[PDB]
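Structure file upload_15.cif (mmCIF, C-alpha atoms) is printed below.
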data_query
#
loop_
_atom_site.label_atom_id
_atom_site.label_comp_id
_atom_site.auth_asym_id
_atom_site.auth_seq_id
_atom_site.Cartn_x
_atom_site.Cartn_y
_atom_site.Cartn_z
CA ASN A 53 -87.15 -11.68 -11.50
CA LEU A 54 -86.98 -11.26 -7.72
CA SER A 55 -90.36 -12.87 -6.95
CA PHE A 56 -91.79 -16.39 -6.83
CA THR A 57 -92.44 -18.74 -9.75
CA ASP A 58 -95.07 -21.38 -10.48
CA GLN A 59 -93.02 -24.13 -8.79
CA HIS A 60 -93.64 -22.53 -5.37
CA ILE A 61 -97.35 -23.49 -5.49
CA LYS A 62 -97.87 -26.75 -3.59
CA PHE A 63 -101.33 -27.10 -2.03
CA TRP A 64 -103.33 -25.80 -5.01
CA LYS A 65 -101.82 -28.45 -7.30
CA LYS A 66 -102.50 -31.33 -4.89
CA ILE A 67 -106.08 -30.81 -3.65
CA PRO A 68 -108.55 -32.90 -5.70
CA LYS A 69 -110.95 -31.11 -8.03
CA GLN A 70 -114.62 -31.87 -8.63
CA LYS A 71 -116.97 -30.17 -11.08
CA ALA A 72 -119.77 -27.99 -9.71
CA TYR A 73 -123.22 -27.64 -11.26
CA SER A 74 -124.77 -24.96 -9.02
CA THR A 75 -123.92 -22.09 -6.70
CA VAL A 76 -125.11 -24.20 -3.73
CA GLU A 77 -123.79 -27.74 -3.24
CA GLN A 78 -125.19 -30.34 -0.84
CA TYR A 79 -123.93 -33.55 0.75
CA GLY A 80 -125.07 -35.93 3.46
CA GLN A 81 -123.34 -37.55 6.43
CA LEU A 82 -123.82 -40.52 8.75
CA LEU A 83 -123.07 -39.29 12.27
CA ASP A 84 -123.63 -42.47 14.30
CA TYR A 85 -125.20 -45.93 14.29
CA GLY A 86 -127.23 -45.62 17.49
CA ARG A 87 -127.43 -44.41 21.07
CA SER A 88 -125.63 -45.58 24.20
CA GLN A 89 -128.15 -48.05 25.63
CA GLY A 90 -127.92 -51.55 27.00
CA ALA A 91 -127.93 -54.70 24.89
CA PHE A 92 -128.67 -57.47 27.42
CA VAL A 93 -132.39 -58.19 27.60
CA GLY A 94 -133.36 -61.57 29.03
CA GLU A 95 -135.25 -64.69 27.96
CA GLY A 96 -138.42 -63.87 26.05
CA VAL A 97 -138.10 -60.09 26.47
CA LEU A 98 -138.55 -57.66 23.59
CA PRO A 99 -135.38 -55.58 23.05
CA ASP A 100 -135.36 -51.80 23.09
CA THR A 101 -135.58 -49.68 19.95
CA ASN A 102 -132.70 -47.60 18.63
CA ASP A 103 -132.12 -45.09 15.84
CA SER A 104 -129.18 -43.64 13.93
CA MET B 1 -155.27 -33.70 37.58
CA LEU B 2 -155.73 -31.55 34.49
CA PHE B 3 -156.02 -34.65 32.28
CA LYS B 4 -156.96 -38.22 33.14
CA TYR B 5 -157.43 -41.37 31.08
CA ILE B 6 -158.52 -44.92 31.95
CA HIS B 7 -157.55 -47.87 29.75
CA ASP B 8 -158.38 -51.57 30.05
CA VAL B 9 -155.52 -53.87 29.07
CA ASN B 10 -155.73 -57.46 27.85
CA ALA B 11 -154.55 -60.69 29.47
CA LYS B 12 -151.13 -60.62 27.78
CA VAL B 13 -150.34 -57.18 29.22
CA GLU B 14 -151.71 -58.06 32.67
CA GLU B 15 -149.34 -61.04 32.92
CA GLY B 16 -146.29 -58.78 33.03
CA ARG B 17 -144.69 -57.70 36.29
CA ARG B 18 -145.21 -54.00 35.48
CA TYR B 19 -148.95 -54.44 34.77
CA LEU B 20 -150.07 -56.74 37.59
CA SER B 21 -153.48 -55.01 37.65
CA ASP B 22 -156.04 -54.84 34.83
CA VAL B 23 -156.60 -51.06 34.54
CA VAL B 24 -154.04 -48.34 33.79
CA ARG B 25 -154.53 -44.65 34.59
CA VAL B 26 -152.67 -41.87 32.76
CA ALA B 27 -152.63 -38.39 34.30
CA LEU B 28 -151.13 -34.94 33.77
CA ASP B 29 -151.04 -32.43 36.62
CA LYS B 30 -149.28 -29.20 37.56
CA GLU B 31 -147.05 -28.77 40.62
CA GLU B 32 -146.14 -25.54 42.41
CA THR B 33 -143.33 -24.89 44.90
CA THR B 34 -144.52 -22.34 47.45
CA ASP B 35 -142.32 -20.00 49.47
CA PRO B 36 -142.30 -21.22 53.11
CA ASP B 37 -142.48 -17.69 54.52
CA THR B 38 -145.38 -16.23 52.51
CA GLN B 39 -147.67 -17.67 49.85
CA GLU B 40 -145.72 -16.93 46.66
CA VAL B 41 -144.97 -19.39 43.87
CA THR B 42 -141.28 -19.87 43.08
CA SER B 43 -141.27 -22.63 40.44
CA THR B 44 -143.88 -24.48 38.40
CA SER B 45 -143.73 -27.79 36.55
CA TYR B 46 -145.89 -30.39 34.82
CA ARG B 47 -145.79 -34.10 35.65
CA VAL B 48 -146.89 -37.05 33.50
CA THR B 49 -147.44 -40.35 35.33
CA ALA B 50 -149.03 -43.76 34.83
CA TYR B 51 -150.05 -46.24 37.53
CA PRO B 52 -151.80 -49.62 37.64
CA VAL B 53 -154.93 -48.87 39.66
CA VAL B 54 -157.68 -50.90 41.34
CA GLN B 55 -161.34 -50.13 41.91
CA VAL B 56 -162.37 -48.78 45.31
CA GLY B 57 -165.91 -47.43 44.81
CA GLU B 58 -168.36 -45.56 42.59
CA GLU B 59 -169.54 -42.04 41.84
CA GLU B 60 -172.07 -40.22 39.67
CA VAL B 61 -170.88 -38.07 36.76
CA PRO B 62 -172.69 -36.18 33.98
CA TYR B 63 -173.64 -38.23 30.93
CA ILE B 64 -172.00 -37.35 27.61
CA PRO B 65 -173.81 -39.18 24.79
CA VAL B 66 -172.24 -40.25 21.53
CA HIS B 67 -173.70 -39.81 18.02
CA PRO B 68 -176.26 -42.68 18.00
CA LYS B 69 -177.43 -41.89 21.55
CA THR B 70 -179.23 -38.92 23.08
CA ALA B 71 -179.30 -37.64 26.66
CA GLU B 72 -181.87 -35.94 28.86
CA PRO B 73 -181.20 -32.42 30.21
CA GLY B 74 -180.30 -33.80 33.64
CA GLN B 75 -179.20 -37.35 32.88
CA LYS B 76 -176.33 -38.75 34.96
CA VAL B 77 -174.31 -41.97 34.84
CA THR B 78 -172.41 -43.94 37.49
CA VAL B 79 -168.72 -44.73 36.97
CA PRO B 80 -166.20 -46.53 39.21
CA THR B 81 -163.35 -44.90 41.12
CA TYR B 82 -159.73 -46.05 41.15
CA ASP B 83 -156.76 -45.91 43.50
CA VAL B 84 -153.13 -47.04 43.47
CA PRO B 85 -152.66 -50.25 45.51
CA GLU B 86 -149.69 -50.84 47.78
CA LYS B 87 -149.03 -54.43 46.64
CA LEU B 88 -150.26 -56.86 43.99
CA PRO B 89 -150.11 -60.67 43.89
CA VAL B 90 -148.09 -63.03 41.71
CA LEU B 91 -148.02 -66.79 41.14
CA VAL B 92 -144.66 -68.57 41.21
CA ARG B 93 -143.61 -72.22 41.33
CA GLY B 94 -142.71 -73.77 44.68
CA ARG B 95 -142.19 -77.02 46.57
CA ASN B 96 -144.09 -78.53 49.49
CA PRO B 97 -141.73 -79.01 52.48
CA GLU B 98 -143.78 -81.91 53.91
CA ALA B 99 -144.75 -83.73 50.70
CA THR B 100 -145.48 -87.39 51.43
CA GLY B 101 -144.72 -88.66 47.92
CA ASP B 102 -144.24 -87.81 44.26
CA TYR B 103 -147.73 -86.35 43.70
CA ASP B 104 -147.83 -83.42 46.16
CA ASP B 105 -144.29 -82.04 45.83
CA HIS B 106 -144.59 -79.35 43.14
CA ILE B 107 -147.16 -76.62 43.86
CA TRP B 108 -147.87 -72.96 43.12
CA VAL B 109 -147.53 -70.20 45.73
CA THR B 110 -148.59 -66.56 45.86
CA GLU B 111 -146.41 -63.57 46.77
CA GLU B 112 -146.89 -59.82 47.10
CA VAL B 113 -144.55 -57.33 45.42
CA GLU B 114 -144.11 -53.56 45.42
CA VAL B 115 -145.94 -51.44 42.84
CA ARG B 116 -143.94 -48.87 40.88
CA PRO B 117 -145.06 -46.17 38.42
CA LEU B 118 -145.10 -47.09 34.74
CA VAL B 119 -144.19 -43.54 33.66
CA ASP B 120 -142.73 -40.66 35.68
CA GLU B 121 -141.48 -37.56 33.85
CA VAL B 122 -141.10 -33.88 34.73
CA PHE B 123 -141.44 -30.91 32.37
CA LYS B 124 -140.82 -27.22 32.93
CA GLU B 125 -143.42 -24.45 32.91
CA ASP B 126 -142.45 -23.19 29.44
CA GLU B 127 -142.74 -26.72 27.97
CA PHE B 128 -146.47 -27.42 28.23
CA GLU B 129 -146.82 -28.45 24.58
CA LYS B 130 -144.06 -31.06 24.91
CA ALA B 131 -145.78 -32.51 27.99
CA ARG B 132 -149.07 -32.64 26.08
CA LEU B 133 -147.38 -34.45 23.19
CA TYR B 134 -145.80 -36.93 25.61
CA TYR B 135 -149.16 -37.60 27.29
CA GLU B 136 -150.86 -38.11 23.92
CA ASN B 137 -148.08 -40.47 22.83
CA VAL B 138 -148.48 -42.55 26.00
CA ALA B 139 -152.24 -42.72 25.46
CA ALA B 140 -151.76 -43.80 21.83
CA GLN B 141 -149.23 -46.46 22.84
CA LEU B 142 -151.71 -47.86 25.35
CA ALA B 143 -154.45 -47.73 22.71
CA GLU B 144 -152.34 -49.75 20.26
CA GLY B 145 -152.99 -52.83 22.40
CA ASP B 146 -149.56 -53.64 23.86
CA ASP B 147 -147.05 -52.51 26.48
CA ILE B 148 -145.61 -49.00 26.63
CA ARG B 149 -142.39 -49.23 24.63
CA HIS B 150 -141.12 -45.74 23.70
CA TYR B 151 -139.72 -43.57 26.50
CA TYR B 152 -137.31 -41.50 24.39
CA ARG B 153 -136.93 -37.76 24.96
CA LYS B 154 -134.67 -35.59 22.80
CA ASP B 155 -133.85 -33.07 25.54
CA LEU B 156 -132.21 -35.50 27.99
CA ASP B 157 -130.06 -37.42 25.49
CA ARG B 158 -126.29 -37.12 25.14
CA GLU B 159 -124.66 -35.49 22.13
CA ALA B 160 -124.41 -37.46 18.88
CA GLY B 161 -121.29 -37.62 16.74
CA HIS B 162 -118.89 -36.86 19.63
CA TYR B 163 -116.69 -39.90 19.09
CA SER B 164 -114.29 -39.04 21.93
CA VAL B 165 -117.02 -39.54 24.57
CA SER B 166 -119.28 -42.23 23.09
CA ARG B 167 -116.39 -44.69 22.63
CA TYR B 168 -116.44 -45.61 26.32
CA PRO B 169 -118.31 -48.82 27.23
CA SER B 170 -122.08 -48.63 27.56
CA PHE B 171 -123.20 -52.23 26.83
#
Represent the structure from my file as structure tokens, please.
Amino acid sequence: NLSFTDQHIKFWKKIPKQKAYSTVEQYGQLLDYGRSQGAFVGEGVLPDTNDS
Amino acid sequence: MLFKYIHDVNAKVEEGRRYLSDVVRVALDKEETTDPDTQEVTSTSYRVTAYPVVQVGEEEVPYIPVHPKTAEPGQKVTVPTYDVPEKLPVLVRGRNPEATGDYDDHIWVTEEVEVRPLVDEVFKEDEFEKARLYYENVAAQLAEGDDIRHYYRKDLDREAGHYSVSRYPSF
């Protein structure tokens, strides 16, 4: 034999495997916690609103 | 002014420094930039503003009845007119320079301050619907019975999820 063997496969044996249940798979991400606003408000002042 | 709206605020709102008057006007109008050489429009935009106004006079306008009421063919009603004042008064604590004792030292004094717009935004010609939505949102916020709190616009915000730029201090 002048070609490769099974021991020359590295990445395929190390990547984790998860079972699939459909042709299309979905997942969700959390990009950020909020926007770049100020945090100092003052005495008796309602703070600004923020969203993720 | 393509659209105009008059709202009466309560005592809690009037106490704030941004609402020193008692009536708020919300408007939406269209601006044109004209070529100086010949009359020819070069750019068009829509502006949404909001000012604390004061009454200056009266005028007669057509009557528009509501469900329980009915109007004559030529009935008219009189409504006040409003204008933006230059300054509005405040009340702040002070001290009498020539107080003779302990009973006439602390007093209250009045000052005048500059009046600034509550809302000032600019929209492009091809974004009329967004300007209309913004105007309706401002009107609804005023109708809720409190201060105007939401000024957010999605177009003018920085990118989200770009951790190499948003890590810098913003406070």
**Q.** Exercise: residue 99 (chain A) partners within 12 Å, all atoms listed in the file, chain neighbours under 3 positions left out, as a list in words
**A.**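 Result of the neighbour search: residues 89, 90, 91, 92, 93, 94, 95, 96 and 102 of chain A; 149 and 150 of chain B.
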Q.
Starting from the PyMOL selection byres ((chain B and resi 40-48) around 7), expand the selection into actual residues of this file and give them as a ChimeraX atom specification.
A. /B:27-35,38-39,49,120-125,135
Q: Using all atoms listed in the file, select each residue of chain B with any atom at most 7 Å away from an atom of chain A, and give the selection as JSON, numbers by chain.
A: {"B": [160, 161, 170, 171]}
Q. What is the distance, in Å and to one decimal place, between CA of residue 53 (chain B) and CA of residue 86 (chain B)?
A.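 Those two atoms sit 9.9 Å apart.
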Q: Could you jot down the CA of residue 114 (chain B) to CA of residue 131 (chain B) separation for me, Å, one decimal place?
A: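 Rounded to one decimal, the two atoms are 27.4 Å apart.
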Q: Might you spell out which residues the PyMOL selection byres ((chain B and resi 89-103) around 12) would select in the displayed file, as number ranges by chain?
A: B: 14-21, 85-88, 104-115
Q. What gap, in Å, lies between CA of residue 4 (chain B) and CA of residue 71 (chain B)?
A. 23.3 Å
Mind rebuilding region 75-97 of chain A with N, CA, C and O atoms and writing that out as a PDB file, in the frame of the given file?
ATOM      1  N   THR A  75    -124.544 -22.973  -7.676  1.00  0.00           N
ATOM      2  CA  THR A  75    -123.920 -22.090  -6.700  1.00  0.00           C
ATOM      3  C   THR A  75    -123.992 -22.665  -5.288  1.00  0.00           C
ATOM      4  O   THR A  75    -123.151 -22.330  -4.447  1.00  0.00           O
ATOM      5  N   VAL A  76    -124.949 -23.552  -5.027  1.00  0.00           N
ATOM      6  CA  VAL A  76    -125.110 -24.200  -3.730  1.00  0.00           C
ATOM      7  C   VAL A  76    -124.954 -25.704  -3.935  1.00  0.00           C
ATOM      8  O   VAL A  76    -125.624 -26.292  -4.792  1.00  0.00           O
ATOM      9  N   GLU A  77    -124.075 -26.318  -3.148  1.00  0.00           N
ATOM     10  CA  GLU A  77    -123.790 -27.740  -3.240  1.00  0.00           C
ATOM     11  C   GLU A  77    -124.130 -28.420  -1.920  1.00  0.00           C
ATOM     12  O   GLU A  77    -123.883 -27.866  -0.846  1.00  0.00           O
ATOM     13  N   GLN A  78    -124.691 -29.624  -2.004  1.00  0.00           N
ATOM     14  CA  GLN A  78    -125.190 -30.340  -0.840  1.00  0.00           C
ATOM     15  C   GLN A  78    -124.569 -31.726  -0.748  1.00  0.00           C
ATOM     16  O   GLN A  78    -124.236 -32.347  -1.760  1.00  0.00           O
ATOM     17  N   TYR A  79    -124.413 -32.200   0.485  1.00  0.00           N
ATOM     18  CA  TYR A  79    -123.930 -33.550   0.750  1.00  0.00           C
ATOM     19  C   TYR A  79    -124.476 -34.013   2.088  1.00  0.00           C
ATOM     20  O   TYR A  79    -124.859 -33.203   2.937  1.00  0.00           O
ATOM     21  N   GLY A  80    -124.511 -35.328   2.267  1.00  0.00           N
ATOM     22  CA  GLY A  80    -125.070 -35.930   3.460  1.00  0.00           C
ATOM     23  C   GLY A  80    -124.028 -36.716   4.234  1.00  0.00           C
ATOM     24  O   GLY A  80    -123.031 -37.172   3.672  1.00  0.00           O
ATOM     25  N   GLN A  81    -124.270 -36.875   5.533  1.00  0.00           N
ATOM     26  CA  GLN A  81    -123.340 -37.550   6.430  1.00  0.00           C
ATOM     27  C   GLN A  81    -124.080 -38.559   7.291  1.00  0.00           C
ATOM     28  O   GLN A  81    -125.294 -38.480   7.480  1.00  0.00           O
ATOM     29  N   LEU A  82    -123.321 -39.522   7.812  1.00  0.00           N
ATOM     30  CA  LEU A  82    -123.820 -40.520   8.750  1.00  0.00           C
ATOM     31  C   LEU A  82    -123.079 -40.317  10.069  1.00  0.00           C
ATOM     32  O   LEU A  82    -121.924 -40.730  10.204  1.00  0.00           O
ATOM     33  N   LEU A  83    -123.745 -39.684  11.036  1.00  0.00           N
ATOM     34  CA  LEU A  83    -123.070 -39.290  12.270  1.00  0.00           C
ATOM     35  C   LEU A  83    -122.808 -40.479  13.188  1.00  0.00           C
ATOM     36  O   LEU A  83    -121.716 -40.590  13.760  1.00  0.00           O
ATOM     37  N   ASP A  84    -123.778 -41.375  13.346  1.00  0.00           N
ATOM     38  CA  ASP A  84    -123.630 -42.470  14.300  1.00  0.00           C
ATOM     39  C   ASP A  84    -124.590 -43.591  13.922  1.00  0.00           C
ATOM     40  O   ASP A  84    -125.495 -43.414  13.105  1.00  0.00           O
ATOM     41  N   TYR A  85    -124.369 -44.754  14.536  1.00  0.00           N
ATOM     42  CA  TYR A  85    -125.200 -45.930  14.290  1.00  0.00           C
ATOM     43  C   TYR A  85    -126.314 -46.102  15.308  1.00  0.00           C
ATOM     44  O   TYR A  85    -127.273 -46.829  15.029  1.00  0.00           O
ATOM     45  N   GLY A  86    -126.214 -45.468  16.470  1.00  0.00           N
ATOM     46  CA  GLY A  86    -127.230 -45.620  17.490  1.00  0.00           C
ATOM     47  C   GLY A  86    -126.843 -44.860  18.742  1.00  0.00           C
ATOM     48  O   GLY A  86    -125.850 -44.129  18.767  1.00  0.00           O
ATOM     49  N   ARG A  87    -127.649 -45.047  19.779  1.00  0.00           N
ATOM     50  CA  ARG A  87    -127.430 -44.410  21.070  1.00  0.00           C
ATOM     51  C   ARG A  87    -126.702 -45.350  22.016  1.00  0.00           C
ATOM     52  O   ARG A  87    -126.448 -46.516  21.706  1.00  0.00           O
ATOM     53  N   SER A  88    -126.358 -44.821  23.190  1.00  0.00           N
ATOM     54  CA  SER A  88    -125.630 -45.580  24.200  1.00  0.00           C
ATOM     55  C   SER A  88    -126.635 -46.174  25.186  1.00  0.00           C
ATOM     56  O   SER A  88    -126.886 -45.642  26.270  1.00  0.00           O
ATOM     57  N   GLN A  89    -127.218 -47.299  24.796  1.00  0.00           N
ATOM     58  CA  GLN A  89    -128.150 -48.050  25.630  1.00  0.00           C
ATOM     59  C   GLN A  89    -127.523 -49.376  26.031  1.00  0.00           C
ATOM     60  O   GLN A  89    -126.359 -49.663  25.737  1.00  0.00           O
ATOM     61  N   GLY A  90    -128.319 -50.196  26.715  1.00  0.00           N
ATOM     62  CA  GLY A  90    -127.920 -51.550  27.000  1.00  0.00           C
ATOM     63  C   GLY A  90    -128.318 -52.517  25.903  1.00  0.00           C
ATOM     64  O   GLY A  90    -129.200 -52.238  25.093  1.00  0.00           O
ATOM     65  N   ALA A  91    -127.650 -53.672  25.879  1.00  0.00           N
ATOM     66  CA  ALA A  91    -127.930 -54.700  24.890  1.00  0.00           C
ATOM     67  C   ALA A  91    -128.418 -56.011  25.490  1.00  0.00           C
ATOM     68  O   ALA A  91    -129.000 -56.819  24.760  1.00  0.00           O
ATOM     69  N   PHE A  92    -128.202 -56.246  26.780  1.00  0.00           N
ATOM     70  CA  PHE A  92    -128.670 -57.470  27.420  1.00  0.00           C
ATOM     71  C   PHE A  92    -130.132 -57.313  27.810  1.00  0.00           C
ATOM     72  O   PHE A  92    -130.525 -56.314  28.415  1.00  0.00           O
ATOM     73  N   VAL A  93    -130.941 -58.314  27.466  1.00  0.00           N
ATOM     74  CA  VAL A  93    -132.390 -58.190  27.600  1.00  0.00           C
ATOM     75  C   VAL A  93    -132.958 -59.235  28.554  1.00  0.00           C
ATOM     76  O   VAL A  93    -133.594 -58.891  29.555  1.00  0.00           O
ATOM     77  N   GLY A  94    -132.740 -60.511  28.256  1.00  0.00           N
ATOM     78  CA  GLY A  94    -133.360 -61.570  29.030  1.00  0.00           C
ATOM     79  C   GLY A  94    -134.139 -62.530  28.158  1.00  0.00           C
ATOM     80  O   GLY A  94    -134.364 -62.261  26.975  1.00  0.00           O
ATOM     81  N   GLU A  95    -134.560 -63.655  28.728  1.00  0.00           N
ATOM     82  CA  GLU A  95    -135.250 -64.690  27.960  1.00  0.00           C
ATOM     83  C   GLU A  95    -136.686 -64.266  27.695  1.00  0.00           C
ATOM     84  O   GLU A  95    -137.448 -64.004  28.632  1.00  0.00           O
ATOM     85  N   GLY A  96    -137.058 -64.207  26.417  1.00  0.00           N
ATOM     86  CA  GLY A  96    -138.420 -63.870  26.050  1.00  0.00           C
ATOM     87  C   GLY A  96    -138.808 -62.429  26.265  1.00  0.00           C
ATOM     88  O   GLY A  96    -139.992 -62.142  26.454  1.00  0.00           O
ATOM     89  N   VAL A  97    -137.849 -61.507  26.239  1.00  0.00           N
ATOM     90  CA  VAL A  97    -138.100 -60.090  26.470  1.00  0.00           C
ATOM     91  C   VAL A  97    -137.805 -59.329  25.190  1.00  0.00           C
ATOM     92  O   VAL A  97    -136.768 -59.548  24.554  1.00  0.00           O
TER      93      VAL A  97
END
